[PDB]
Structure formats: C-alpha cells, structure tokens
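Structure, as structure tokens:
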Amino acid sequence: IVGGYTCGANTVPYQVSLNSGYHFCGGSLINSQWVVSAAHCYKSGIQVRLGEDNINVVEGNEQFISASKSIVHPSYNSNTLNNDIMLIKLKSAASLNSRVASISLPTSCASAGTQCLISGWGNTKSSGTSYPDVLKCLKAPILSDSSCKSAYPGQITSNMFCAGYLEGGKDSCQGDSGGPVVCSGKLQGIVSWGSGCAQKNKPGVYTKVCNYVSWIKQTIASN
Ligand SMILES: NCCc1c[nH]c2ccc(O)cc12
Ligand SMILES: [Ca+2]
Numbered sequence: 024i025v026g027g028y029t030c031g032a033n034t035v036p037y038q039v040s041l042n043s044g045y046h047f048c049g050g051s052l053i054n055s056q057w058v059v060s061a062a063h064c065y066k067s068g069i070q071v072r073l074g075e076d077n078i079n080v081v082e083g084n085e086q087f088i089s090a091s092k093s094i095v096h097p098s099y100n101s102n103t104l105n106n107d108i109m110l111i112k113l114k115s116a117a118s119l120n121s122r123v124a125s126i127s128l129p130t131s132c133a134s135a136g137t138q139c140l141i142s143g144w145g146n147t148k149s150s151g152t153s154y155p156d157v158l159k160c161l162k163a164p165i166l167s168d169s170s171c172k173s174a175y176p177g178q179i180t181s182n183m184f185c186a187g188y189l190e191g192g193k194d195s196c197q198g199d200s201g202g203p204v205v206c207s208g209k210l211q212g213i214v215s216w217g218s219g220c221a222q223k224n225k226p227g228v229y230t231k232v233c234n235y236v237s238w239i240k241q242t243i244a245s246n
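If you use the entry's author numbering, the sequence shown corresponds to residues 24 to 246, in order.
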C-alpha cells in the first residue's frame, strides 16, 4: 500500500496473508473454512495465515492453516486478468473471534463514489521498494467505470473496477495482490492489477466481487 497508514493490529480481522515460505499475497476470510483471493495468486503449497499484524513476529493472535484445495475461476485469463478470483479451502476451520472474522459478501454491487478500505503487506513505495512488516490500510473511493476505461483503454472488462486517486500517490501495490477492498462492511473488490503503483492517471484495478457471489456460494456448497 502506497500512501496509506498503519491499520492497527488485528483491526482488519478478515485480512489473511498467503504464505509459501514468505508472504506473497493477501486474501479475505469469507467463512470459517474459505478464503477469497486473486487467481493471479495461485500456486501450490499455500499456508493461510490469519490473525496477522507483523508477518515476521509471532504476536499471539495468529492461526496458521494449510490450504486443502484451491479453485481458480473457470474463466480466469492470465493475459487480460479477466475473472481474477480464486477460492482457497482451509484444511481445518478457523476459530472465529474478534481478531479473526469473516467479511460479508455483497448482495448488491457498489457504485462509483463509495468509500472503501484497501489493505495489505505490499510495497509502500511508488518508486523504489520497501515492504512493511505490519498491515497497511488505505481509504479510497470507487471510480466511475468511464474514468476507469479512459485510464486503461482496451483493458477494463465488466468484471473490473478502478478505485483510488487519479492524482497519484495513494494505491495498492505489489504484494497487496489478492487482498480486500471492503466498502460498508462488504467485500466488493480484490487487488488485481494496475500500471505501476500510485501513478498519476493510473488507479488500481480490482476484481468486481459482486459478479462472483453466485459462483462463490455454489462452489462452497459443493466443496
Ligand atoms: N494497484 C496494485 C496493482 C498490482 C498488483 N500487483 C502488482 C505488482 C506490481 C505493480 O507495480 C502493481 C501491482
Ligand atoms: Ca505475526
């Protein structure tokens, strides 16, 4: 997260770190046994780390649970990033509490102008690299689809939205991939892609979660 702030330990209780020897992506806990992330975060050997603040220090609220199954969206295209969503099932149910809690799926899509919270352990620099240990947060509005399409000609599908600041300086970044965009207590977006981070006229692009709720629910119901 570039241009954000330190969230505060366990203040984003649905935020997970996906770990394969090291943090490599975010995700969102959506029930005791399932995480939603980006398809571009797919790999084998995932351990889901819940209850994290400092990802390099055991602070006492963590739950580490291996993935038993990953399901990349059937229509994910890794070249265009269309349908950039994946589900991860945990080998055992997480113990839900104030610091490890699921985030509600949307029943309605969100509109341009809605304020959201974006979070992760990604790079905090727009030029250069610095990776934080503690979770970072950014409040950002959803941008109009027309401004999103104008910012990224030929690239924005109906499964994507932009959020952030056209003036630059505030954005998600590398390592925030797969993490949440939460608006009014609902998971509306997943950190997906962009042209660099926090660049003028190049806001972050996010998977439009509301389009996937039916797929998520039916997938959970049979897996
Ligand atoms: N807005 C963050 C988009 C994003 C996701 N993964 C990334 C990796 C590198 C980068 O410059 C940007 C990204
Ligand atoms: Ca920790």
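From the three backbone atoms N, C-alpha and C, an ideal C-beta is built for every residue, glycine too.
Along the beta strand (DSSP E) that carries residue i, what are the first and last residues, could you check?
| i | result |
| --- | --- |
| residue 112 | 109-113 |
| residue 215 | 209-216 |
| residue 231 | 227-231 |
| residue 92 | 86-95 |
| residue 141 | 138-143 |
| residue 32 | Note, residue 32: premise wrong, no beta strand (DSSP E); not H, not E. |
| residue 42 | 38-42 |
| residue 220 | Taken as a continuous stretch (DSSP letters only), residue 220 belongs to no beta strand (DSSP E), as it is neither H nor E. |
| residue 185 | 183-186 |
| residue 59 | 57-60 |
Could you tell me the alpha carbon to alpha carbon distance between residue i and residue j, rounded to whole angstroms?
| i | j | result |
| --- | --- | --- |
| residue 184 | residue 201 | 14 Å |
| residue 70 | residue 40 | 8 Å |
| residue 35 | residue 80 | 18 Å |
| residue 167 | residue 242 | 30 Å |
| residue 284 | residue 239 | For residue 284 there is no data in the structure shown, the boundaries of the chain being 24 and 246. |
| residue 205 | residue 101 | 24 Å |
| residue 77 | residue 84 | 11 Å |
| residue 153 | residue 29 | 14 Å |
| residue 38 | residue 169 | 30 Å |
| residue 217 | residue 117 | 32 Å |
| residue 75 | residue 121 | 13 Å |
| residue 33 | residue 131 | 27 Å |
| residue 155 | residue 138 | 24 Å |
| residue 123 | residue 190 | 35 Å |
| residue 165 | residue 225 | 13 Å |
| residue 104 | residue 42 | 22 Å |
| residue 235 | residue 109 | 10 Å |
| residue 163 | residue 221 | 12 Å |
| residue 174 | residue 143 | 24 Å |
| residue 172 | residue 134 | 15 Å |
| residue 244 | residue 55 | 13 Å |
| residue 119 | residue 44 | 24 Å |
| residue 177 | residue 223 | 18 Å |
| residue 207 | residue 151 | 33 Å |
Which whole-angstrom value describes the C-beta separation of residue i and residue j, a residue pair presumed to lie in contact below a C-beta threshold of 8 Å?
| i | j | result |
| --- | --- | --- |
| residue 209 | residue 97 | Going by Cβ atoms, the distance from residue 209 to residue 97 rounds to 24 Å, so no, they are not a contact pair. |
| residue 192 | residue 26 | 5 Å |
| residue 48 | residue 60 | 6 Å |
| residue 125 | residue 73 | The pair is not a contact, with the Cβ atoms about 10 Å apart (cut-off 8 Å). |
| residue 246 | residue 148 | In fact, because the Cβ distance is near 39 Å, the residues do not count as touching under 8 Å. |
| residue 107 | residue 46 | No, residue 107 and residue 46 are not in contact; Cβ-Cβ is about 19 Å, not under 8 Å. |
| residue 94 | residue 214 | With a Cβ gap of about 19 Å, residue 94 and residue 214 do not count as contacting. |
| residue 145 | residue 181 | Their Cβ separation, rounded to whole angstroms, is 26 Å, which puts residue 145 and residue 181 out of contact at 8 Å. |
Tell me which residue opens and which closes the alpha helix (DSSP H) that residue i is part of.
| i | result |
| --- | --- |
| residue 238 | 236-244 |
| residue 48 | Taken as a continuous stretch (DSSP letters only), residue 48 belongs to no alpha helix (DSSP H), being part of the beta strand (DSSP E) at 46-54. |
| residue 171 | 168-174 |
On the DSSP bridge list, what partners appear for residue i?
| i | result |
| --- | --- |
| residue 127 | 209 |
| residue 28 | 160 |
| residue 73 | 86 |
| residue 203 | 213 |
| residue 165 | 186 |
Touching or not, the segment 148-164 and the segment 182-199, by the rule of three or more beta carbon pairs under 8 Å? yes
So, do the segment 87-95 and the segment 106-115 have three or more beta carbon pairs nearer to each other than 8 Å? yes
Using 8 Å as the Cβ pair cut-off and three pairs as the minimum, do the segment 229-238 and the segment 174-190 touch? yes
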